[PDB]
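Report on the structure given below.
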Protein chains: 2
Amino acid sequence: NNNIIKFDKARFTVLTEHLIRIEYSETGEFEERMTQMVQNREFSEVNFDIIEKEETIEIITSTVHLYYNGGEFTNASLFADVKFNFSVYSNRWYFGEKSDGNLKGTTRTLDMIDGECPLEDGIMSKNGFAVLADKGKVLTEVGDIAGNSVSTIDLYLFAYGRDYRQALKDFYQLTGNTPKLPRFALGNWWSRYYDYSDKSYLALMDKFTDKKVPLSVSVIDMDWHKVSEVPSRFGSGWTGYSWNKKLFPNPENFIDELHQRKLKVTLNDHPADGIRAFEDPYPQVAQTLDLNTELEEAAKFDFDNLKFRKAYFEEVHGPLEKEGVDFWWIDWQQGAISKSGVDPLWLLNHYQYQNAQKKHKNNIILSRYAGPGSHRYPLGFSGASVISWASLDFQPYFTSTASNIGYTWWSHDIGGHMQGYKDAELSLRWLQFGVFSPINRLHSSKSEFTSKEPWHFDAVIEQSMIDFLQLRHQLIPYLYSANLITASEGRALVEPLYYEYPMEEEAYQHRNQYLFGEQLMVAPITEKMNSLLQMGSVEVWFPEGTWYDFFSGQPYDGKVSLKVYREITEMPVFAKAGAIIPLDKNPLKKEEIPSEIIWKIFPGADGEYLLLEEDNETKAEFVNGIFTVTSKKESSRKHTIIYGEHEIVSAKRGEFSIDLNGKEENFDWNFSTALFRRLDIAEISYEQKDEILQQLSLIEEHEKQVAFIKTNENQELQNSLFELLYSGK
Amino acid sequence: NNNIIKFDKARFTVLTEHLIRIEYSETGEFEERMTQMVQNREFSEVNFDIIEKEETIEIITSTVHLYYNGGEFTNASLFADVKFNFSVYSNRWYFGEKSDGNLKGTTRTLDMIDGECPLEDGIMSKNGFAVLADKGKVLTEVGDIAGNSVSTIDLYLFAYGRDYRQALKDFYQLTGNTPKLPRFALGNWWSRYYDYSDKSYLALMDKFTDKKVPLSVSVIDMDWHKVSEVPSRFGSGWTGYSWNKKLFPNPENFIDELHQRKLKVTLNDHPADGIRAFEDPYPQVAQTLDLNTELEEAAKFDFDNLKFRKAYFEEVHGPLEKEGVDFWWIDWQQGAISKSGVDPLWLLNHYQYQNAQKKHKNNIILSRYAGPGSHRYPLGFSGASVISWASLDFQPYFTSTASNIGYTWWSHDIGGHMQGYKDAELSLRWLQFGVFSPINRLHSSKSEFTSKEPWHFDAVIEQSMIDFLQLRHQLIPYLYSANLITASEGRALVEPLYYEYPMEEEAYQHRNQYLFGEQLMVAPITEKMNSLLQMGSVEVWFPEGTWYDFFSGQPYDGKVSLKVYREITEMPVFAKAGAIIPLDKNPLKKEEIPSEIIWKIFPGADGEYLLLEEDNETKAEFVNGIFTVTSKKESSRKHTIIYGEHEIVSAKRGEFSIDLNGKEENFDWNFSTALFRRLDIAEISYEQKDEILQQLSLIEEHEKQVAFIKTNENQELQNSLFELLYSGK
Ligand SMILES: OC[C@H]1O[C@H](O[C@@H]2[C@@H](O)[C@H](O)[C@@H](CO)O[C@@H]2O)[C@H](O)[C@@H](O)[C@@H]1O
Ligand SMILES: OC[C@H]1O[C@H](O[C@@H]2[C@@H](O)[C@H](O)[C@@H](CO)O[C@@H]2O)[C@H](O)[C@@H](O)[C@@H]1O
């Protein structure tokens, strides 16, 4: 190709104006095969310039000068200057050196992590460049490990500046797009490390129904299999493939009962101890792999081995799938060691994700992160987080930052996994985040005390958790449409603020704030409430524009950074003027696609929303106060329209237009009501409540209302009253 | 042998069902010679199974699957699964990787350590396996360094589960048993880094006699030799082999005076600066080693050199031994560097211990730890600890943990060596520990202020120190018998609780608690007293059974964890019902073996004790209330019997039986007396003392006495009163 240049023992491939592959080969042969990371090097032709001399070469694109002075790659022989001025002297890449600016990516797991842990670099940098080293093995055409690359150094130089979304799109072109999730993945999951019986598990599922909590997935953790019943001469019961018959005397009947309740079923698989001689599938595996059964030779875990993988999928997973298991929870914690040098977690995720496609369309796994490109094998499973405010306070940042290495379907244990401390408010705040996260999977440790059941908690916490869990199912249309946009267009559901606002310094200073799809901006509260206010808080950056609280309609004039206060039952979620958000009107109703959609419209600007579905596309347009709904294909679906406050149209069938110009634009939210509520719940002196209510009611000029609150001895009460005055300005 | 298997470039020797030697050789030759660590690979034949294929081999014992997939040893090619379930997923060894569970071993020294330091691994693991790498040089038949092993990798896989005692016994079979100590090593040692004269040293020894403090050993520290008198052109006076004639004008006469007082004599040797031209032995060494005397060529320290070692033993140590020096204090702090790659400390301990056997039977050294197998060269010398509560609080744990690498004769500086802070209570608590430690050597720094003389302190501390120092000599029969059991049966004097109680979680949660021989359990107090109670405390785990305070007879019903309180003059030491402890009746009497033994019997169960001596064995049996004493050989020895409280038999000669069924079983210890004493010393309000004494005397029901103390505002006073109520239940 014209986009390929060889010089000395190096090869340079200009894939885009902003993406260059850099290779070294001692043998003069360069690698064309796919790798664990890279699935596609076919990119459209681009323009660039070369200065080639006897001893040096310079490649020049719109954004980078790449220099190579010959010989082995060193920090002196191979380096690049970006054509940007984001920094004063951090604009140069040197081979093998780190530079400042990397916005980070993700890491394997949150196992044993209490609050923050270090992350790996991503492809995004504030200074406009990043290098992604390909250190993986080569694949065969069908996707088996083929061995070592002939490109003994193989690098990707990203020089996208702050065009983060295009960097991610081209990353997906190189490493392959995320597959589409199935709709069931986007609902509530129930999970608990608890030794349920068939009877007590179904009783709990029927209790969820009675309690008005919708579920899409039934996880069965490791007590599904033999544990204490495993003879100690075999080792532990951690790995198992044999039903505990006391708890599950008829597995297929139990899974049929979950299927009748419209639940998808997954089992915990700890693969590391393989198939030992006590297991129900051992006789078939032993025959297939020619094991010495009289010496009880184990089929040790070996995912490098084709015969082992075949026996694992066909003779170990196969019978369980025949009993009705829908997909696999791969729960690997036993290290990165294999004869091939390929991480066993990568081999599991790559091969299990492929195998899952045989029994179901668009199937998933649930497994830990296995390095760049492992977004091809959703879903991510972050694992055994410590239950703490610190862990919750890290998790939104962790989740949005992961989009910087394209790993956009993290499923966290909602409420935290293990250890840590009880606080029903922490559980409630964690569920609020989970509902506005990629995946909402409730899960917990082997403790008698860590159940995430809403009715574990008092009546106030229970009702709020049920409300948020119902909200998750109202959001499934929005989530599923965003899912198809991840798969087809390479856009993350969860974006850091700096994707949309790359030149705003405040977009780098609100770590836990994120865009959730294209219509909603989320600022979860991740700190214990101030008991004097009976409210939690978070500093929100409002971009330019008019913003509304998604729930209350409280308005905010951007651009501003403003501390916002919410009771423990309320979450800061915001929509711009013109936002249109579809909601399922019947989130409890078991139906493959919603029979009724609520179109929730935020007044004050034009907008539009495209609802992508399995078998349809529905466009909602809001232009000069006219709201129109059209679909590719006709259906019996009934549309409800909510314009700000008021339901305008109920259950209208087919395509239509309606003029909202003559309809009430304003939400109910008002300063006086909100003020009374904040003063009333506050654990402060009644004389202070009386004086604040009286003075803020009497003083007419906004600047003097602000001067009055500025004299308050309670600094946080000042900030709370200021938020109300700012919204009421 | 049938217990030897070769595969690819590896050799496997199944030594026991639980011990496998693993070797790699590039040359196809494997190492049969002894190493610095390994003295014996002759073990009885055991049964095991092999699965041998073209490309892989599995060795199967009762406790382990060892796997080798061929090629170089890597974490992927060489690994093992234990046949235990102590952990859920820590049951696999990978070559070159660390696993969880190791209970630790020891380290070279406590030089400069204030409190805790890291330890090396031992052979004991809660998860049931450990690997001991042999990285040492090979020896010749006579025990000189021969060079590099032909087994370029040589490992021992221990898979004993929690059978810690058998692991240690088989370690001793592999590395050689600890030699027997001489009886004199088990008495009190006097030492001080102080420039005594012959006259002032003998005056101090005669003061010990006047003060009723028995001593076995007289240490003379480095001021025995020239120090400030060394010309600076030679370097320092740290190394020396020449008596300071001002302080010791007639060395042989001074050593004769110590010998007349029945003291063994050792001198400090700092070897690192060798024999320089100013030294008294230099002319003879210079002639032997062909040194250039007109250029004053030093005989530099070189323990790799046979001629240097010979000149060191014969011409440097030899003349000092002729003057009466009994054994060598090797005080090496100058690093691990030698041309051979053998640690100079190992060469010193190995060769000096061997050389010490020429002049005396069962002789010792005193030197720092030199790695696994260096237990062959007792005694251990921990060195220059910082004087602090933190150092004392580490030391019992340090001492018992060392049994996990078979190094069971640590001698710590009792009271701490240097720096740190004065606190007479710290000195007293440290001596209490020392008396119940492997070796009781009083030692201290060059400070005018750090003498460990009891009469340095006030009358209360002095009398308590004298009492404990007399107790050490009462314990010599018990210690000497345990010493012969270390040498012949591979059982440590000091054991961690988990040797006796491997399946009790509490046996892993009391770091400073230990078994001391087979009859006594020790819980030293290592924290400054609570001034409100005038008592120190430690949480004691009492195993199942009835336990008695060794000193008071206070009873405790196991199994329980209970905070116990003692005045600064009292130490928590416990014996089970049926315990029999021999004591020397005449600890001050200079005699090679005791003329009188007290048999101290704890009522409530059967028991027995075997007293091993130089030239006898005496069995004490307590069966259905009949106490019998028999001996292999007859003697004039007089036996005293103490049954609980009461001396039953005084000074009875020869073998005999006596029926104690009709004798008072109960100790005097009573709740009311102990209660009055604790309230009386407490620095609390007299109104509180009055109310506690009155209410605990009046309230009859035990549960209501406990409810009464539960209301006390002093939380530690609650725990102290609770200990008394628990003992009085
Ligand atoms: O399948 C059970 C459980 O396994 C993993 O978590 C474990 C955790 O619950 C346990 O406390 C620790 C202690 O060893 O080990 C694992 O981390 C898995 O992450 C979790 O989701 C499962 O519920
Ligand atoms: O022989 C004297 C002394 O030497 C060693 O301890 C030294 C110590 O007392 C001194 O303060 C420091 C400072 O350099 O050096 C050595 O650690 C030896 O450990 C000790 O037992 C001796 O008493």
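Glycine gets a Cβ as well: all are built from the backbone with ideal geometry, and neighbour counts include every protein chain shown. No value in this document is a laboratory result; all are computed from the given coordinates.
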Overall form of region A:428-538 per C-alpha gyration tensor (a/c, 1.5; a/b vs b/c): oblate
Taking θ = phi - 60°, what integer Hz values does the Karplus form 6.51 cos²θ - 1.76 cosθ + 1.60 yield along region A:100-112, in sequence order, with x for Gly and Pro? 5, x, 4, 8, 6, x, 8, 8, 3, 6, 10, 3, 6
What does the charge dipole of the protein assembly as shown about its Cα centre add up to, to the nearest 20 debye, if the Cβ of each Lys and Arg holds +1 and the Cβ of each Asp and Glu holds -1? 1260 debye
Going by Cα centres, region B:353-399 and region A:472-501 are how many Å apart? 67 Å
Once amide hydrogens are built 1.01 Å from N within the peptide plane, the residues lying 5 or more places from B:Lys9 or on another chain with amide H under 5 Å from its amide H are B:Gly71
For the protein assembly as shown, what is the calculated [θ] at 222 nm in deg cm²/dmol (nearest 500), taking -39500 (n - 2.57) for each run of four or more DSSP H residues and dividing by its residue count? -7000 deg cm²/dmol
With the Cα gyration tensor of region B:47-103 giving a ≥ b ≥ c as the square roots of its eigenvalues, does the rule (a/c under 1.5 for rounded; else a/b larger than b/c for prolate; else oblate) give rounded, prolate or oblate? oblate
With one decimal in nm and the nearest listed first, the spacings from A:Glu544 to its own position in the other copies, using label points 7 Å along Cα-to-Cβ, are 7.9
Taking the label point 7 Å from Cα along the Cα-Cβ vector, the copy-to-copy distances for A:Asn40, listed from shortest in nm with one decimal, are 7.1
Under a plain spin-label model, where a point goes 7 Å from the Cα along Cα-to-Cβ, how far apart in nm are B:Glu608 and A:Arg677? 8.3 nm
Pull up all non-local amide H partners of B:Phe656: gap of 5 or more, or a different chain, and H-to-H distance under 5 Å with H placed in the peptide plane. B:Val629
7 Å along Cα→Cβ for the label point: how many nanometres lie between A:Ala605 and each equivalent label in the other copies, listed shortest first? 8.1
For the protein assembly as shown: rounded, prolate or oblate by the Cα gyration tensor [a/c cutoff 1.5]: prolate
For A:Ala133, enumerate residues with amide H under 5 Å from its amide H, sequence gap 5+ or separate chain, H modeled in the peptide plane. A:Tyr156
Computed E for B:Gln534/B:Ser657 - FRET, C-beta separation, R0 60 angstrom, nearest 0.05: 0.85
Of all DSSP beta bridges with both partners in chain B, the antiparallel percent, nearest 5, is 75 percent
Relative contact order, percent, chain B [alpha-carbon distance under 8 Å, six or more residues apart]: 9 percent
Do any GluC sites (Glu not before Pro) in region A:627-729 lie in a DSSP loop with no more than 16 other beta carbon atoms within 10 Å, and if so, which? A:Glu634, A:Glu645, A:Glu655, A:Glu664, A:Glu665, A:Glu683, A:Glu700, A:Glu701, A:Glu713
So what does log10 I(q)/I(0) come out to for chain A at q = 0.08 Å⁻¹, using the Debye formula with one equal point on every Cα and no solvent? -0.72
At q = 0.11, 0.17, 0.23 Å⁻¹, work out log10 I(q)/I(0) for region B:308-427 with the Debye formula, treating every Cα as an identical point scatterer and leaving solvent out; two decimals please. -0.45, -0.95, -1.30
Taking every residue of B:92-105, the Cβ atoms of other protein chains inside 10 Å of its Cβ average out to 1
Given the rotation relating A and B, tell me which residue in A puts its Cβ closest to the axis and the distance in Å. A:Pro118, 14
In region B:581-687, how does Rg compare with the Kirkwood Rh, expressed as the Rg/Rh ratio over alpha carbon atoms? 1.14
Value of Rg/Rh across region A:30-76 [Cα atoms, Kirkwood radius]: 1.04
Average partner coverage of B:75-88, which counts Cβ from other chains inside 10 Å: 4
Return the equivalent ellipsoid semi-axes of region A:425-490 as a descending list in whole Å, where each equals the square root of 5 times an eigenvalue of the C-alpha gyration tensor. 27, 14, 8
